[PDB]
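These notes are about the structure you will find just below.
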Amino acid sequence: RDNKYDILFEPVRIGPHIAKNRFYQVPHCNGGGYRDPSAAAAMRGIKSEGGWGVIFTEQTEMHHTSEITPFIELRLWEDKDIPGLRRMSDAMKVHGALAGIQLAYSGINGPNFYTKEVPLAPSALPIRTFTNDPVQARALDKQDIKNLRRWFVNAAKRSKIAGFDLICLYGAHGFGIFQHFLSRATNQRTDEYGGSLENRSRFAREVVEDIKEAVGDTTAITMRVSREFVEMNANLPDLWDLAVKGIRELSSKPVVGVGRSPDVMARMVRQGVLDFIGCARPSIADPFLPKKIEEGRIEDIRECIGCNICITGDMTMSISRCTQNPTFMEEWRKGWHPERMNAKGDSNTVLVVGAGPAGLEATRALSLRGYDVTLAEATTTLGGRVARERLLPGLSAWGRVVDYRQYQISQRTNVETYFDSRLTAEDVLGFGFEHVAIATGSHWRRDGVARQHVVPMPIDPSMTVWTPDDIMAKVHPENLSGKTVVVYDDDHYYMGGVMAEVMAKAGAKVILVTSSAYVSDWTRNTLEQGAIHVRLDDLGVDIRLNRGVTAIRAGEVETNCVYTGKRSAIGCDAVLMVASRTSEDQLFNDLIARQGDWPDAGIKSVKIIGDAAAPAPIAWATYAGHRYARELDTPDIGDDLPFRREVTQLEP
Amino acid sequence: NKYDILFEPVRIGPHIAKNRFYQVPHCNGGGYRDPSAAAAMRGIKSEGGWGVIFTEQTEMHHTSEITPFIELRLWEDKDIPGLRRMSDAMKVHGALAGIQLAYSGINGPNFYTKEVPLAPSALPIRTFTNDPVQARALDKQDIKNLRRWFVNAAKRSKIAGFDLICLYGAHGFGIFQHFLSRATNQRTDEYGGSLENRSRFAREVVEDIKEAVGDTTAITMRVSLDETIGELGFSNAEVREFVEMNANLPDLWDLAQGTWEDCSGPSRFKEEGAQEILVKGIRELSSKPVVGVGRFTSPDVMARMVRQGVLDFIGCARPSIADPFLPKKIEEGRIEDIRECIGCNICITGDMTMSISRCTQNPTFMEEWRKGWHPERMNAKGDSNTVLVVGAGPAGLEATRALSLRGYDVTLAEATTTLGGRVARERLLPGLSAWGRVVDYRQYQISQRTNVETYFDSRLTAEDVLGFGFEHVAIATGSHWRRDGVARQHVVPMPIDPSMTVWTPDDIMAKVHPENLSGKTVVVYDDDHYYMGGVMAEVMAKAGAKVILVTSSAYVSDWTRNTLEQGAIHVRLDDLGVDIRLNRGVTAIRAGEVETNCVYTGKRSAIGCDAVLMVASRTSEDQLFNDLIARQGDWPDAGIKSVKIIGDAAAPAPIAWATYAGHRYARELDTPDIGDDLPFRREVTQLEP
Ligand SMILES: *c1c(C)c(C)cc2c1nc1c(=O)[nH]c(=O)nc-1n2C[C@H](O)[C@H](O)[C@H](O)COP(=O)(O)O
Ligand SMILES: *c1c(C)c(C)cc2c1nc1c(=O)[nH]c(=O)nc-1n2C[C@H](O)[C@H](O)[C@H](O)COP(=O)(O)O
Ligand SMILES: Nc1ncnc2c1ncn2[C@@H]1O[C@H](COP(=O)(O)OP(=O)(O)O)[C@@H](O)[C@H]1O
Ligand SMILES: Nc1ncnc2c1ncn2[C@@H]1O[C@H](COP(=O)(O)OP(=O)(O)O)[C@@H](O)[C@H]1O
Ligand code: SF4
Ligand code: SF4
């Protein structure tokens with residue numbers, strides 16, 4: 001390990017504790033929370049193995065009078081909640097990390113749909129959520145504030161019993177009661193908790209003092225904030241968690257910061273900017289990031305691509321995925337691990353057909369298991385859809401999905417890669433490899449079928465119609481000045497907006513038509529949706545919402561208002577159709593059709609994975625490839641579940 | 001009576017239902033998370049006299065599931081203890097116990113399990129939220145597996161104690177609908193094409209299940225009565241041919257609408273009995289009994305459906321939530337005591353927000369296990385004797401009703417001459433008349449009580465309250481719509497030129513505006529995002545105004561997506577000529593115009609108008625409470641032991657929060673201090689070892 005990285009492995013004090021290094025996994029959600037607690041705990045345990053010196057839970061609701069159901073985070077309302085949390089703290093500490101819990105009172109962000117308590121805030125206003133929920137908060141009175149302090153102390157004591165070394169008060173992102181007292185928008189009080197900055201930070205100071213009094217002898221208190229608050233409270237917590245100028249200059253307390261390169265980390269510390277390197281998503285993509293820097297294996301780091309698929313798992317309450325790391329939140333469920341494969345079985349040879357994200361991850365994971373792997377790719381480029389999409393506006397970071405796998409595979413002696421090999425069933429049978437994985441991808445459809453239409457729509461064949469594949473292959477003229485292009489987006493994730501930007505940059509007049517109330521609808525779950533709308537408007541794109549396309553005509557499209565059914569035409573010179581995709585499965589069907597020749601050929605099994613099985617986002621393809629590698633040679637489970645799961649404990 | 005027909009027994013396969021009252025499968029916002037709450041709620045239906053009681057849909061396989069929605073699961077043996085608690089509760093009082101089994105098919109994205117979704121034909125998944133995944137087409141072995149998975153679930157269901165299994169195929173949802181519909185089933189093998197092929201899957205599953213458990217278990221099929229997808233929807237006419245062709249397939253036909261939006265008809269858009277046309281005649285096609293729904297709250301409608309041969313069973317979901325004792329009250333000749341469903345669909349919002357459902361009419365719904373509440377029994381009076389309830393809105397009325405049933409001497413003081421507060425005013429607005437049943441139920445119930453005195457024209461002051469010497473006071477004094485534009489977009493007052501005419505919903509409800517607005521343009525600024533804005537726009541339109549509705553949301557009446565009213569509201573407003581401006585706030589009200597902002601870009605533009613109908617948010621009427629708190633030192637001499645504030649006067653919210661708050665007050669009076677303990681029970685996850 002190069003000496004410029006040694007500073008990252010110096011110990012750092014946090015209140016009564018010492019962290020073994022500067023790698024600090026900040027609180028982050030995972031889609032399991034209080035529903036899937038053994039999954040969350042084991043995931044935290046993998047961070048412990050990975051070398052993180054500090055590990056935090058997601059936010060934990062510390063009282064039944066404020067909660068944000070349907071979101072699933074953690075709860076610490078009663079003694080019942082301690083065992084699940086104790087399992088998490090235990091896992092954090094096995095390999096030397098400090099165990100942290102984040103406590104939250106959502107305040108004016110919590111409608112209390114589950115508990116049905118009256119919501120409480122500094123001032124009486126409508127609740128503030130993503131979804132315009134139809135309830136208001138009551139203004140806290142003085143006795144409420146005393147209770148709220150007591151409730152935080154109660155949760156701190158339970159946190160000690162649950163085995164946590166650090167408590168973080170969630171006061172960032174405009175979320176929670178600490179932000180609400182600090183903000184003059186939400187805190188319009190005129191008593192001693194409002195008005196002056198000293199009054200607006202009184203609650204925060206009273207909570208911290210009360211917690212220090214109760215457990216400060218064994219437990220550190222951190223404050224996470226998103227700045228005169230500094231001069232006045234420089235030494236209030238044991239640690240400032242920033243989600244700088246004065247905190248560094250006025251406070252004797254350590255600081256952690258986040259910001260999605262070991263050289264940058266070391267410089268931030270060397271230059272006196274940070275004491276701790278805070279990470280959420282980089283630790284999800286690579287839980288062993290600290291360990292790989294410690295051992296000088298910087299070339300083996302799996303980089304976050306910033307797709308925010310992990311966030312969609314919290315927004316859909318469904319256990320988060322990571323595009324780069326398919327083992328994320330599958331450690332307890334399936335025994336998967338980001339740096340260890342299960343032992344090789346009895347078979348020896350595998351053919352992987354197609355070098356997209358699915359085939360690439362299958363190849364990487366199988367070779368690490370010990371199989372001899374041949375990867376056949378029909379074109380002269382690795383990466384499949386990622387090699388093509390990475391060239392589109394705003395998607396270049398996704399190339400790390402290929403580059404990581406290309407690099408890892410290049411280091412393996414048990415992998416051979418063939419380009420220009422569009423395999424037939426005859427080819428595959430001739431090779432006599434024992435197991436075949438068909439990862440042959442998919443194509444965007446030309447017949448308009450997706451959601452609005454389930455059978456081909458009326459299309460005049462004189463209209464120019466491009467799919468995203470045509471655009472990626474540069475079928476369209478480089479210069480579209482003078483032309484109007486309707487982008488029909490019945491996909492509702494990212495491709496429609498990306499295609500509209502390609503057309504915009506080519507000089508077209510661009511009209512984006514989507515049946516949804518939102519452009520790039522599902523990117524609401526990645527929190528990107530607002531910025532996408534603004535970029536398209538800045539590009540001059542004309543956004544037509546709540547509007548389907550019922551027919552493509554000679555010089556126009558017919559459209560429908562999705563509520564009323566009323567129809568109207570939009571003139572255009574071409575239609576860029578972003579409908580849905582059809583699996584490329586002919587080769588698989590050809591091999592299944594000749595299943596009888598397999599034994600003679602030496603083929604034991606043929607499976608179809610990734611987009612060739614069922615089109616989905618890229619993270620589903622890396623997942624399917626990893627799953628194929630994990631399941632090869634494992635025994636039949638019949639009708640058993642391939643994952644563990646916990647259910648509700650019946651009260652007696 | 002004409003109602004005797006409703007209590008005749010009816011055979012369902014090997015079982016006999018003791019009467020014709022049939023609780024169709026319905027969700028509750030608890031499901032697999034809060035199974036003891038769901039179980040106890042089913043037990044109350046048993047007490048109430050239902051002859052058949054069903055669970056909500058239960059996912060019978062891990063390769064198809066609809067997370068984040070929380071229904072039930074039957075994937076493993078682990079799942080059986082919770083279901084057995086439900087079937088046990090169903091049967092205590094003689095109901096048959098039914099479980100509904102579902103395979104969501106092209107509707108199930110598998111976000112939780114990460115299995116590949118499966119469907120008859122390969123298409124994008126079809127959900128509310130445009131999820132970015134597609135289903136793979138079932139192959140023959142998949143179909144054999146799926147049948148086996150249904151058999152496995154049927155066997156687990158028998159072990160869990162259920163008498164009936166319902167195969168879920170309604171609301172356009174699930175694999176049985178998907179095989180029947182030519183839109184979703186484009187196969188060319190023997191499971192596609194002809195109606196006979198498209199119903200092959202159903203025949204094979206039913207046969208397989210009967211073979212396994214048919215000696216002790218009846219099978220019902222819940223069917224979509226109509227579907228529209230281009231020209232390929234499974235039409236009501238086609239449904240009729242399916243039934244005729246398969247007349248002896250299930251033990252019972254459970255008939256429901258082809259979308260949830262259509263089936264759980266809001267009272268604002270659908271009258272009672274709305275599915276009769278879709279259903280009439282079907283009974284003639286099969287010799288198996290038929291259940292249907294229609295927001296049945298009128299016993300006369302119920303008896304007619306059976307007498308005129310439309311239905312064998314009166315199916316109820318929401319009427320049984322609002323009044324779980326509806327069958328017993330008809331049996332005992334207390335029709336006047338029925339708590340009628342108002343068709344607000346607040347119960348559905350609990351499923352859509354995964355949060356345990358409320359009922360506007362029945363605040364005890366899904367609080368039976370959590371808090372010991374019961375729709376027809378109050379806890380016994382404690383040691384105190386007198387209670388003053390100030391305000392006769394939904395909150396004060398429910399507190400009064402429930403307190404009198406505990407035995408307290410209750411005085412109810414109301415400032416106006418009318419009972420009902422906001423409901424007495426809102427019930428007169430377009431489409432909200434059925435919501436008036438919230439007042440009428442409570443008004444009637446209180447009129448039968450000898451321990452309640454009601455004072456009108458009595459706007460109480462704190463001095464009045466101290467003078468009366470009642471032991472406990474509940475301040476239920478409501479709220480007012482704000483005139484300063486504050487809600488969500490603005491948290492402090494917006495710029496408002498005082499020369500512009502600005503009406504709030506209170507003004508409109510008081511007829512402050514001219515009855516005839518022909519020739520005038522009215523901007524409705526909706527920053528409330530539930531129902532009032534759209535209702536106000538309809539009032540203005542009906543008065544003849546040119547109406548422009550401006551809202552910062554991407555949807556008109558945004559939160560009514562959770563009540564399933566949203567689409568019909570948009571269509572109604574468009575039909576009325578309302579000009580709907582979405583994704584647009586109001587930044588200022590000027591002399592003859594409002595300034596608006598595109599919420600994404602910030603770009604500003606003005607809209608001319610003669611008046612602004614401001615639908616912002618509400619401010620609690622809490623002066624009286626504050627005055628009394630300020631004089632807390634005088635309470636002991638005055639004899640006052642406690643003063644609490646409830647309902648909109650505490651924190652404005654929908655009407656159901658107010659009936660909830662009143663009931664909660666009545667339930668908690670004189671109860672022991674719990675300290676920092678929870679006032680409700682709750683279950684947590686069972687840790688695996
Ligand atoms: C949820 C998830 C899934 C992620 C990616 C972010 C997130 C999540 N939950 C959080 C929580 O419960 N409490 C909290 O304080 N912050 C939470 N975050 C934000 C996260 O801590 C980081 O601040 C951001 O992810 C940015 O840092 P980085 O990811 O670039 O390293
Ligand atoms: C949930 C809820 C909250 C309601 C009101 C209806 C609903 C819900 N869950 C259902 C389920 O899980 N399976 C099923 O088949 N139907 C479900 N429904 C619909 C309900 O069964 C009724 O069909 C409608 O509500 C109409 O009947 P009614 O309420 O007018 O009597
Ligand atoms: N018959 C074939 N033989 C070899 N490679 C193929 C064949 N058919 C398609 N391919 C390749 O398979 C890959 C499919 O990858 P992609 O579309 O990204 O799928 P996924 O997202 O499922 O990984 C492409 O790189 C494509 O060139
Ligand atoms: N000082 C008072 N004394 C008696 N009644 C009052 C007083 N102030 C307001 N009210 C009444 O209280 C009721 C409030 O009802 P409402 O606004 O519907 O509240 P909620 O929805 O909380 O029940 C109204 O009927 C109103 O006339
Ligand atoms: S899902 Fe995407 S953004 Fe989140 S950690 Fe993985 S690669 Fe990074
Ligand atoms: S919430 Fe409304 S619609 Fe649902 S059962 Fe109760 S009164 Fe009926």
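Just follow the structure's listing: the first ligand is 1, and inside any ligand the first atom is 1. Below, each value reflects all heavy atoms present in this structure, side chains not excepted, and no hydrogens, waters or symmetry copies. Lettering follows sequence order; numbering is per chain, from 1.
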**Asked** With only distance considered, is A/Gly259 within less than 3.5 Å of ligand 1 through an N or O on each side?
**Response** no
**Asked** Think A/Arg224 forms a cation-pi with A/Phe56, using NZ or CZ under 6.0 Å from the six-ring centre and within 45 degrees of its axis?
**Response** no
**Request:** Run the numbers for me: atoms of ligand 1, each under 4.0 Å from some heavy atom of A/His173, listed by number.
**Result:** 16 (N)
**Fill in**
The protein heavy atom nearest to atom 3 (S) of ligand 6 is B/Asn345 N, 3.2 Å
**Asked** Which option, B/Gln23, B/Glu71, B/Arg318, owns the non-hydrogen atom nearest atom 5 (C) of ligand 2?
**Response** B/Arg318
**Asked** Can you check whether A/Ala243 has an N/O within less than 3.5 Å of an N/O in ligand 1?
**Response** no
**Asked** Which protein heavy atom lies closest to atom 4 (Fe) of ligand 6, and at what distance to 0.1 Å?
**Response** B/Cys347 SG, 2.3 Å
**Message:** Quick check with a 6.0 Å cut-off and a 45 degree axis cone: is B/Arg561 positioned over the face of B/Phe128's six-membered ring?
**Reply:** no
**Asked** Which ligand 6 atoms does B/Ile321 reach within 4.0 Å, using its non-hydrogen atoms?
**Response** 5 (S)
**Request:** May I ask you to identify the nearest protein heavy atom to atom 5 (S) of ligand 6, giving residue, atom name and distance to one decimal place in Å?
**Result:** B/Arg318 O, 3.2 Å
**Prompt:** Under 4.0 Å from ligand 2, counting heavy atoms only, is it the side chain of B/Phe296, its backbone, both or neither?
**Reply:** neither
**Message:** Please check: side-chain N/O of B/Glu276 versus main-chain N/O of B/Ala274, any donor-acceptor pairing under 3.5 Å?
**Reply:** no
**Message:** With a cut-off of 2.8 Å, does B/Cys341 put an N/O/S atom close enough to atom 2 (Fe) of ligand 6?
**Reply:** no
**Request:** Using a strict cut-off of 4.0 Å, indicate which atoms of ligand 1 neighbour a heavy atom of A/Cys29.
**Result:** 1 (C), 2 (C), 3 (C), 8 (C), 9 (N), 10 (C)
**Request:** Quick one: look at A/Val258 and ligand 1, take heavy-atom pairs under 4.0 Å, and tell me if it's side chain, backbone, both or neither.
**Result:** side chain
**Message:** Checking a contact table here: which protein heavy atom is nearest atom 2 (Fe) of ligand 6, and how many Å away?
**Reply:** B/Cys344 SG, 2.3 Å
**Complete:** The atoms of ligand 6 lying under 4.0 Å from a heavy atom of B/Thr360, numbered in the order shown, are 1 (S), 6 (Fe)
**Message:** Is there a polar contact, in the sense of an N or O pair closer than 3.5 Å, between A/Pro27 and ligand 1?
**Reply:** yes
**Prompt:** Does B/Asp351 have a non-hydrogen atom less than 4.0 Å from ligand 2?
**Reply:** no
**Close approach of A/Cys279 to ligand 1, heavy atoms, under 4.0 angstrom** = yes
**Complete:** Among non-hydrogen protein atoms, atom 7 (S) of ligand 6 lies closest to B/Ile342 N, 3.5 Å
**Asked** Counting from 1, what ligand 6 atoms have a heavy atom of B/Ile346 closer than 4.0 Å?
**Response** 1 (S)
**Prompt:** Has B/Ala170 got any heavy atom lying under 4.0 angstrom from an atom of ligand 2?
**Reply:** no
**ligand 2 versus B/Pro319: contacting region, heavy-atom distance under 4.0 Å** = side chain
**Item:** Donor on one side chain, acceptor on other, A/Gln25 and A/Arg44, under 3.5 Å
**Value:** yes
**Item:** For A/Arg224, atoms of ligand 1 separated by under 4.0 Å from a heavy atom
**Value:** 14 (C), 15 (O), 16 (N), 20 (C), 21 (O), 22 (C), 23 (O)
**Prompt:** B/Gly343 heavy atoms, cut-off 4.0 Å: which ligand 6 atoms fall inside?
**Reply:** 3 (S), 8 (Fe)
**Message:** If you measure every N or O of B/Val293 against every N or O of ligand 2, does any of those distances drop under 3.5 Å?
**Reply:** no
**Contact (N/O only, under 3.5 Å) between B/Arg295 and ligand 2** = yes
**Message:** Using a 3.5 Å distance criterion without hydrogens, assess whether the side chain of B/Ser357 forms a donor-acceptor pair with backbone atoms of B/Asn28.
**Reply:** yes
**Request:** Give the residue, atom name and distance (to 0.1 Å) of the protein heavy atom nearest atom 6 (Fe) of ligand 6.
**Result:** B/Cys359 SG, 2.3 Å
**Item:** Of the listed options B/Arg222, B/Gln257, B/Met352, B/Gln100, closest to atom 23 (O) of ligand 2 (non-hydrogen atoms)
**Value:** B/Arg222
**Item:** Test of proximity, A/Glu58 against ligand 1: N or O pairs below 3.5 Å
**Value:** no
**Message:** Taking the side chain as everything from C-beta on, heavy atoms only, tell me whether B/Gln361 gets closer than 4.5 Å to B/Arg437.
**Reply:** yes
**Message:** Considering both backbone and side-chain atoms of A/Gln59, is one of its nitrogen or oxygen atoms within less than 3.5 Å of a nitrogen or oxygen in ligand 1?
**Reply:** yes
